[PDB]
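Peer 1: The structure is given below, and queries will be raised subsequently.
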Amino acid sequence: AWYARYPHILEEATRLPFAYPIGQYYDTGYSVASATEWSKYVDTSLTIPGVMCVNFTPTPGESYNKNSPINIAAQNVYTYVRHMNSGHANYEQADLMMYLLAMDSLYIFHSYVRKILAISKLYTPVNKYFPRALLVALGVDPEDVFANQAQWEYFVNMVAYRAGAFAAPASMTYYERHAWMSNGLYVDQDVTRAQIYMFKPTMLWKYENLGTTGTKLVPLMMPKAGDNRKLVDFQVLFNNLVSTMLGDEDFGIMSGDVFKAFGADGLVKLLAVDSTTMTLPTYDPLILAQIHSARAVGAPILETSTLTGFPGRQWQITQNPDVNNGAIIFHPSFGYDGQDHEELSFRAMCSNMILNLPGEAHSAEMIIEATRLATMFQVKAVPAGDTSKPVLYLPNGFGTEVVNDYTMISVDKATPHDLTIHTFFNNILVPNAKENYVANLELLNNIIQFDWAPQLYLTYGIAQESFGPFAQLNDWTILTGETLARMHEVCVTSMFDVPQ
Amino acid sequence: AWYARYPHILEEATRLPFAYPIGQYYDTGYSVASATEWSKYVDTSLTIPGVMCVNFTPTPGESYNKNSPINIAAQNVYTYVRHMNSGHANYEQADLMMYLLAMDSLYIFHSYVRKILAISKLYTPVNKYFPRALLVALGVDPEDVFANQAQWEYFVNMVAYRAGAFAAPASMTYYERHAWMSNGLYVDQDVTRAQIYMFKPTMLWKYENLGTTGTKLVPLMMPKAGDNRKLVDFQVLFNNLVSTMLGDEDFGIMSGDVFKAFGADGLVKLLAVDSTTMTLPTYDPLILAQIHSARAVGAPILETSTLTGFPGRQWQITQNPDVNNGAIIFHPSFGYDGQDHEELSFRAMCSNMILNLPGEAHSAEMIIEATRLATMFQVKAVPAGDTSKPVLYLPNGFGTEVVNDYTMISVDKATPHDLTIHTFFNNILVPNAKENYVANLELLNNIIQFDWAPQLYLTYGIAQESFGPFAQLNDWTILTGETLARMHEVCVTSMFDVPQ
Amino acid sequence: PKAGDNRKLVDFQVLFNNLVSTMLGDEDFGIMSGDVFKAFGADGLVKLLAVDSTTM
Amino acid sequence: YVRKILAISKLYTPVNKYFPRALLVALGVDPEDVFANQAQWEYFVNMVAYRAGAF
Amino acid sequence: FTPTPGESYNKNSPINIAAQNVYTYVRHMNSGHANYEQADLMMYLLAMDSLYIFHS
């Protein structure tokens, strides 16, 4: 060949600088020097996004009866605590189970602040997003972690010490699943300049035992991305979390009874951190499998949230013993977008989802673990009133965690190329504006930069027509709501299961 | 360990049919029962495209004086023919070189009709685009191949017999590249229900021999995908391809000189076909690398094409002994969209290209072979007149072939779900209309269904702003005009050569 | 270029381009070029040493 | 000539500080242009050898 | 004390020779980006020296 005869000309001809370090703006330049008269018609910008954050919410699953897996697990752990290990008989099954859920929220908070501490020591020349973009996506000021890192470390250690006052079973996979999910960095590819997936809890459950009418886990809001929160705000959040937890007699005898039934080696163990413990991003395909099938349900509903025609639709877990035979009722109203309007794009999520999977042959565990974060709407919630500004949807069942939002961190194409935060569901609405089509195209390109990005459903407001899954398909199926509800029931039963 | 002690429920809960055969419309249905009142706001339509045809054009490599690599190769092959072996003095070097260029067009046409005949025997139940969609994308009537298979077979055999009468050197790797490109299907993911890439000539060079002005090569059009031409149109094309070529007495004199110079074994031989010669799709990442880094230049300019301010910009490989010292002359003008107006989206190609490659370490052969189909504009061609409706762009030296446009085949949105043909460049213009945005969105989704799809530069007419490369970048670099011209000179010289 | 010139690469490219501007563009040049090849053989010719990053 | 221009610029010894800037000055080239554009200078000499070895 | 690159008034200074050598090793052997000269890389290395002096 000619290439074998003259390899020197081929070598000197094709020496190009590869491996551009992502994290800053790049300008391609002009091939035509007279193209400056067409200013916006030539796109010389080139931005590579680096961080996608999955804003998740811990849930016990769908529950409207006593036949829910949460109530079955409550009855089983109550039998193991009292009827086999001599309990105190000052509480029911549901009080113990809501106490266990409060433990889950505590361990999620500890893994969250441990990830916040461990992220800030990551520095590399090939990625300029490390570690400021991850701290921006977590809603924490990076200067407050640069300046007082030792205070952050000792606060994390003190959280791990104070969380050991109560007890929780180690063999329950719910705790270790939430702690592993909330404390990981997951690259979308096995390359040195990959993109970071993340899991930030926006919801934490706060114990609210007031009155005789039963306990309740009220919502507690976590810092959203772009809010520069310091260590004092996280300490205030932690003290608000254990305000009604420590100093409670019922919680004290519950911790004593769990410490009696399960041994000292049978309880969970929060690991101590120090100055040499840092985490690196790992490649997890099973994380990408459930990230791909993740379906957003929108921002949660609080007591302060105003809804026209929807009163009392807050995301609370109730423990009223006078109604429903004292069941742990938790079924929320989805589709709320954070404010009081119609949110036309959420109608695109009313079709049956497409379960996409890598490879050709799929095991049962792969299909079950790929549908952990999926949620399909089933029936519209009937409003109590003649006028209704939003539209809410009741699901047919969800897993141990739902997805509310997503967060994109990428460099801006305009001066001075700082980080931009883009919050979006799977559904993206593009209304009548000349500045919204190019922004939506840039958001689409930034989404498809990631490998297993969730399947979007873009609604165009000027054509009154939405679009299906905007993702590349390899081996897919159509999932009905009944089969996904069955898989969610299996997942919630297996996660809350404890061995006796 | 709930999955271990209850494996039957885990096995039964995840029995899903995953191998969905592409090639038909799929209605996912409504997950919410009352979502049928939202009309097009719930998109329950899912289509997977199957055919991407890359429409190319053979070129000598932008000759503009005697110092071009094609003229140097003409001098080298003329010294090899007439100085090393006792030849004739009736023909010059440029006549022999353009005879060799016309032999490439004849071999491309033979491989074209051979692929038309060999495609129609492809059938698999998991891909319903076989073989009707490939025959639609190749521009033939699919029913005419099935109804007249015996007349189609001997036509290809007679084309091979009447094109094998002349000689062309097999040591020259121009023919062994073009014939290998023009036949054979190329899957994009090496799976069973993969997507097929193709290569079809948009045009071919028909030999016409004039008097003292020269033996200039002329354009000859080819049927596009929405034509459904029968066998007699291809017979007419083959008849006027060699109408003034087989009727020339001096043609065989220089044809036999190649035979006696290069021997009887170092010649290009055409493979005869029978009823069992069936081609199969193969996986080649070398083809996908140059498919991914490909840039469209537009439709060729003909003598019948009307251009305001561009009277003599027709694509012709001229050779006049009177002017330019008897050199082969070929400098086409790109940027022609087929109509007599300026294509607004062609301004987006004035930025520097992005060479994206898989993996981390790239050899020099991979870099020089990944830039074969790319073509970058350098400077606008000066119009001859006070007004000009289109805008044409002169290249900085193109490679051995140029991509005109692309043809994409997919099933229809509505009844009866027949094949639809989409013709688009690398630049897609979305004008301000009611229904163009969702058509552009489904075009984008169908393009990103393909794995190594070319990078699209979408220009929006409402915002008067275009966007950069719409492709997933993995390991990329910015290519300037000078480096790509340096690569293209090497890639032109490496094909037009003889190692003796 | 003399010693007090500091010419760049493009000046040497211009010099090489107009060194063979009317030489590589001549049809009759290769006819007598190949005659030297067939007369003196392929081994009795002047060969130019190619260079790489280690030829010092 | 251009081969010696390319091959001179890799000469260095601590006992002779005229290497290689003074030789490139005496040959008439810019010494900084060889160092900044070594990859473009190398294939230029290779292409000169390729297009002069045709005859 | 004060960190210094040494005396330099010409291109024959050891600082410029080391700048040219490290620029050749970065670009001409390991495929650099060609957006900077030798001296920009060497002043960046001196800024690294001042950073490590501050850390120690």
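Labels for the structure tokens follow display order: chains A, B, ..., residues from 1 in each chain, ligands from 1.
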Per residue of segment 7-48 of chain D within 12 Å of segment 17-37 of chain C, what are the shortest atom pair and its distance in Å to one decimal, counting only C-alpha atoms, with rows by chain and residue number, as a tab-separated table?
Peer 2:
```
residue	atom	partner	partner_atom	distance
D:44	CA	C:17	CA	11.4
D:47	CA	C:17	CA	11.6
D:48	CA	C:17	CA	9.9
```
Peer 1: Go ahead and write the selection's residues with C-alpha atoms as a PDB file, in the first residue's frame.
Peer 2:
```pdb
ATOM      1  CA  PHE D  44       7.251  19.575   3.724  1.00  0.00           C
ATOM      2  CA  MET D  47       6.794  15.907   0.229  1.00  0.00           C
ATOM      3  CA  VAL D  48       9.774  17.615  -1.442  1.00  0.00           C
TER       4      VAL D  48
END
```
Peer 1: Considering only helix (DSSP H, G or I) as DSSP defines it on the backbone, what residues of segment 267-488 of chain B qualify? List them as a count of residues only.
Peer 2: 46
Peer 1: Over all C-alpha pairs taken in order, what is the RMSD once chain A has been least-squares superposed onto chain B?
Peer 2: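 The RMSD between chain A and chain B over C-alpha atoms is 0.6 Å.
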Peer 1: When you count only C-alpha atoms, which of these residues is closest to chain B: D:43, D:19, D:1, D:35?
Peer 2: D:43
Peer 1: Fewer than 5 positions away in the same chain doesn't count, so skip those; otherwise give me all residues within 9 Å of residue 5 of chain E, counting only C-alpha atoms, as a PyMOL selection string.
Peer 2: chain E and resi 14-15+46
Peer 1: Between atom CA of residue 328 of chain A and atom CA of residue 383 of chain A, what is the distance in Å, rounded to a tenth?
Peer 2: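 So the answer is 23.3 Å.
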Peer 1: Could you list, as a ChimeraX atom specification, every residue within 8 Å of segment 55-68 of chain B, counting only C-alpha atoms and ignoring same-chain residues fewer than 3 positions away?
Peer 2: /B:71-72,101,105,199-204,324-325,327-332,397-407,488-489,492 /C:21,24-26
Peer 1: Can I get the selected residues back with N, CA, C and O atoms, as a CSV table (one decimal), in the first residue's frame?
Peer 2:
```csv
chain,number,residue,atom,x,y,z
B,71,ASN,N,-2.7,15.1,-11.9
B,71,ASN,CA,-1.9,15.2,-13.1
B,71,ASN,C,-0.5,14.6,-12.9
B,71,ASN,O,0.1,14.1,-13.8
B,72,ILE,N,0.0,14.6,-11.6
B,72,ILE,CA,1.2,13.9,-11.3
B,72,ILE,C,1.1,12.4,-11.5
B,72,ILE,O,1.9,11.7,-12.0
B,101,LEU,N,-10.5,7.5,-15.4
B,101,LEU,CA,-11.6,8.0,-14.6
B,101,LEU,C,-12.9,7.5,-15.1
B,101,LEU,O,-13.8,7.3,-14.3
B,105,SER,N,-16.3,5.2,-13.4
B,105,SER,CA,-17.7,5.4,-13.5
B,105,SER,C,-18.4,4.1,-14.0
B,105,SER,O,-19.5,3.8,-13.5
B,199,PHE,N,-24.3,3.2,0.1
B,199,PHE,CA,-23.6,4.2,-0.7
B,199,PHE,C,-24.2,4.1,-2.1
B,199,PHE,O,-24.0,3.1,-2.8
B,200,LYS,N,-24.7,5.2,-2.6
B,200,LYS,CA,-25.3,5.3,-4.0
B,200,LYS,C,-24.7,6.5,-4.7
B,200,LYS,O,-24.6,7.6,-4.2
B,201,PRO,N,-24.3,6.3,-6.0
B,201,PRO,CA,-23.8,7.4,-6.7
B,201,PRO,C,-24.9,8.4,-7.1
B,201,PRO,O,-25.9,7.9,-7.7
B,202,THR,N,-24.8,9.6,-6.8
B,202,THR,CA,-25.7,10.6,-7.2
B,202,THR,C,-25.5,11.0,-8.7
B,202,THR,O,-26.5,11.4,-9.4
B,203,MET,N,-24.3,10.8,-9.2
B,203,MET,CA,-23.9,11.2,-10.6
B,203,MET,C,-22.8,10.3,-11.0
B,203,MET,O,-22.1,9.7,-10.1
B,204,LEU,N,-22.6,10.2,-12.3
B,204,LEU,CA,-21.4,9.5,-12.9
B,204,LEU,C,-20.9,10.3,-14.0
B,204,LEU,O,-21.6,11.1,-14.6
B,324,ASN,N,-4.4,26.4,-20.0
B,324,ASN,CA,-3.9,25.8,-18.8
B,324,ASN,C,-2.9,24.7,-19.0
B,324,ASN,O,-2.8,23.7,-18.3
B,325,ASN,N,-2.1,24.8,-20.1
B,325,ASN,CA,-1.0,24.0,-20.5
B,325,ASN,C,-1.4,22.5,-20.7
B,325,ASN,O,-0.7,21.6,-20.4
B,327,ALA,N,-3.7,20.8,-19.0
B,327,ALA,CA,-3.9,20.1,-17.8
B,327,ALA,C,-5.4,19.7,-17.6
B,327,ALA,O,-6.3,20.3,-18.2
B,328,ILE,N,-5.6,18.6,-16.8
B,328,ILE,CA,-6.9,18.3,-16.3
B,328,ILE,C,-7.4,19.4,-15.4
B,328,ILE,O,-6.6,19.8,-14.5
B,329,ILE,N,-8.6,19.9,-15.6
B,329,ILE,CA,-9.1,21.0,-14.8
B,329,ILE,C,-10.4,20.7,-14.2
B,329,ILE,O,-11.4,20.3,-15.0
B,330,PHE,N,-10.6,20.7,-12.9
B,330,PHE,CA,-11.8,20.4,-12.2
B,330,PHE,C,-11.9,21.2,-10.9
B,330,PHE,O,-11.3,20.7,-9.9
B,331,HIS,N,-12.6,22.3,-10.9
B,331,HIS,CA,-12.8,23.0,-9.6
B,331,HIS,C,-14.3,23.3,-9.5
B,331,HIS,O,-14.8,24.4,-9.9
B,332,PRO,N,-15.1,22.4,-8.9
B,332,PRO,CA,-16.5,22.7,-8.8
B,332,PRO,C,-16.8,23.7,-7.7
B,332,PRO,O,-16.0,23.9,-6.8
B,397,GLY,N,-10.0,22.2,-1.2
B,397,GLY,CA,-9.4,20.9,-1.6
B,397,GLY,C,-10.1,19.7,-1.0
B,397,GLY,O,-10.0,19.4,0.2
B,398,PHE,N,-11.0,19.1,-1.8
B,398,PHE,CA,-11.8,17.9,-1.2
B,398,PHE,C,-11.0,16.6,-1.5
B,398,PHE,O,-10.0,16.6,-2.1
B,399,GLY,N,-11.6,15.6,-1.0
B,399,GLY,CA,-11.0,14.2,-1.1
B,399,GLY,C,-11.4,13.5,-2.4
B,399,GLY,O,-11.8,14.1,-3.4
B,400,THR,N,-11.3,12.2,-2.3
B,400,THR,CA,-11.5,11.4,-3.5
B,400,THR,C,-13.0,11.3,-3.8
B,400,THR,O,-13.4,10.9,-4.9
B,401,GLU,N,-13.9,11.6,-2.9
B,401,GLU,CA,-15.3,11.7,-3.1
B,401,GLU,C,-16.0,12.7,-2.2
B,401,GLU,O,-15.4,13.1,-1.2
B,402,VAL,N,-17.1,13.2,-2.6
B,402,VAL,CA,-17.9,14.2,-1.9
B,402,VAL,C,-19.3,13.7,-1.7
B,402,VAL,O,-19.9,13.1,-2.6
B,403,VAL,N,-19.9,13.9,-0.5
B,403,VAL,CA,-21.3,13.6,-0.2
B,403,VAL,C,-22.2,14.7,-0.7
B,403,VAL,O,-21.9,15.9,-0.3
B,404,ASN,N,-23.2,14.4,-1.5
B,404,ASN,CA,-24.1,15.4,-1.9
B,404,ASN,C,-25.2,15.6,-0.8
B,404,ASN,O,-25.4,16.7,-0.3
B,405,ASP,N,-25.9,14.5,-0.5
B,405,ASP,CA,-27.0,14.6,0.5
B,405,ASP,C,-27.2,13.2,1.1
B,405,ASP,O,-26.3,12.3,0.8
B,406,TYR,N,-28.3,13.0,1.8
B,406,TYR,CA,-28.6,11.7,2.4
B,406,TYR,C,-30.0,11.4,2.2
B,406,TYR,O,-30.9,12.2,2.0
B,407,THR,N,-30.4,10.1,2.2
B,407,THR,CA,-31.7,9.6,2.1
B,407,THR,C,-32.0,8.7,3.2
B,407,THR,O,-31.3,7.7,3.5
B,488,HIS,N,-6.1,15.6,2.7
B,488,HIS,CA,-6.8,15.3,1.4
B,488,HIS,C,-5.8,15.2,0.3
B,488,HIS,O,-6.1,14.4,-0.6
B,489,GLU,N,-4.7,15.9,0.3
B,489,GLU,CA,-3.7,15.7,-0.7
B,489,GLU,C,-3.0,14.3,-0.6
B,489,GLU,O,-2.9,13.7,-1.6
B,492,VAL,N,-5.6,11.8,-1.8
B,492,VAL,CA,-5.8,11.7,-3.2
B,492,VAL,C,-4.6,11.0,-3.9
B,492,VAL,O,-4.7,10.2,-4.8
C,21,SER,N,7.1,24.9,-11.0
C,21,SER,CA,5.8,25.4,-11.5
C,21,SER,C,5.7,25.1,-13.0
C,21,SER,O,4.6,24.6,-13.4
C,24,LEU,N,6.8,20.4,-13.3
C,24,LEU,CA,5.7,19.4,-13.1
C,24,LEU,C,4.5,19.6,-14.0
C,24,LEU,O,3.8,18.7,-14.2
C,25,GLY,N,4.4,20.8,-14.6
C,25,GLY,CA,3.3,21.1,-15.5
C,25,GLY,C,3.6,20.8,-16.9
C,25,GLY,O,2.8,21.2,-17.8
C,26,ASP,N,4.8,20.2,-17.2
C,26,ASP,CA,5.2,19.9,-18.6
C,26,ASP,C,4.9,18.5,-18.9
C,26,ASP,O,5.3,17.6,-18.1
```
Peer 1: Set the distance at 6 Å and use only C-alpha atoms: which residues neighbour segment 434-439 of chain A once local chain neighbours fewer than 3 positions away are removed? I'd like the list as an MDAnalysis selection string.
Peer 2: (chainID A and resid 442) or (chainID B and resid 462:463)
Peer 1: Go ahead and save the residues from that selection, with C-alpha atoms, as a PDB file, in the first residue's frame.
Peer 2:
```pdb
ATOM      1  CA  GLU A 442     -28.955  23.110  23.123  1.00  0.00           C
TER       2      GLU A 442
ATOM      3  CA  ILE B 462     -37.463  32.070  13.533  1.00  0.00           C
ATOM      4  CA  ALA B 463     -34.435  32.838  15.728  1.00  0.00           C
TER       5      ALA B 463
END
```
Peer 1: As a list in words, could you give me every residue of chain E near chain A (at most 6 Å apart, counting only C-alpha atoms)?
Peer 2: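 That gives the following set of residues: residues 31, 32 and 33 of chain E.
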Peer 1: Sorted by chain and rising residue number, which residues of chain A lie within 9 Å of chain D, and what are their closest atom pairs and distances in Å to one decimal, counting only C-alpha atoms, as JSON lines?
Peer 2:
```
{"residue": "A:8", "atom": "CA", "partner": "D:46", "partner_atom": "CA", "distance": 7.6}
{"residue": "A:9", "atom": "CA", "partner": "D:43", "partner_atom": "CA", "distance": 5.5}
{"residue": "A:10", "atom": "CA", "partner": "D:43", "partner_atom": "CA", "distance": 8.6}
{"residue": "A:11", "atom": "CA", "partner": "D:43", "partner_atom": "CA", "distance": 8.7}
{"residue": "A:12", "atom": "CA", "partner": "D:43", "partner_atom": "CA", "distance": 5.7}
{"residue": "A:13", "atom": "CA", "partner": "D:43", "partner_atom": "CA", "distance": 6.8}
{"residue": "A:15", "atom": "CA", "partner": "D:39", "partner_atom": "CA", "distance": 8.0}
```
Peer 1: Would you save the residues of that selection, restricted to N, CA and C atoms, as a PDB file, in the first residue's frame?
Peer 2:
```pdb
ATOM      1  N   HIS A   8       5.924   8.051   7.077  1.00  0.00           N
ATOM      2  CA  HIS A   8       6.372   9.290   7.702  1.00  0.00           C
ATOM      3  C   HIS A   8       5.487  10.466   7.307  1.00  0.00           C
ATOM      4  N   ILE A   9       5.088  10.532   6.033  1.00  0.00           N
ATOM      5  CA  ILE A   9       4.189  11.591   5.580  1.00  0.00           C
ATOM      6  C   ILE A   9       2.813  11.427   6.213  1.00  0.00           C
ATOM      7  N   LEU A  10       2.354  10.181   6.346  1.00  0.00           N
ATOM      8  CA  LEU A  10       1.092   9.910   7.026  1.00  0.00           C
ATOM      9  C   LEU A  10       1.169  10.232   8.511  1.00  0.00           C
ATOM     10  N   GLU A  11       2.326  10.007   9.136  1.00  0.00           N
ATOM     11  CA  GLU A  11       2.488  10.310  10.554  1.00  0.00           C
ATOM     12  C   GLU A  11       2.510  11.814  10.797  1.00  0.00           C
ATOM     13  N   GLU A  12       3.276  12.553   9.992  1.00  0.00           N
ATOM     14  CA  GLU A  12       3.351  13.999  10.158  1.00  0.00           C
ATOM     15  C   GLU A  12       2.107  14.720   9.656  1.00  0.00           C
ATOM     16  N   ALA A  13       1.292  14.073   8.824  1.00  0.00           N
ATOM     17  CA  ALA A  13       0.080  14.709   8.328  1.00  0.00           C
ATOM     18  C   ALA A  13      -1.084  14.624   9.306  1.00  0.00           C
ATOM     19  N   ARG A  15      -1.112  14.317  12.851  1.00  0.00           N
ATOM     20  CA  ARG A  15      -0.839  14.564  14.262  1.00  0.00           C
ATOM     21  C   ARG A  15      -1.708  15.730  14.716  1.00  0.00           C
TER      22      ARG A  15
END
```
Peer 1: What's the separation between atom CA of residue 91 of chain B and atom CA of residue 249 of chain B, in Å to one decimal place?
Peer 2: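 Atom-to-atom, atom CA of residue 91 of chain B and atom CA of residue 249 of chain B are spaced 12.2 Å apart.
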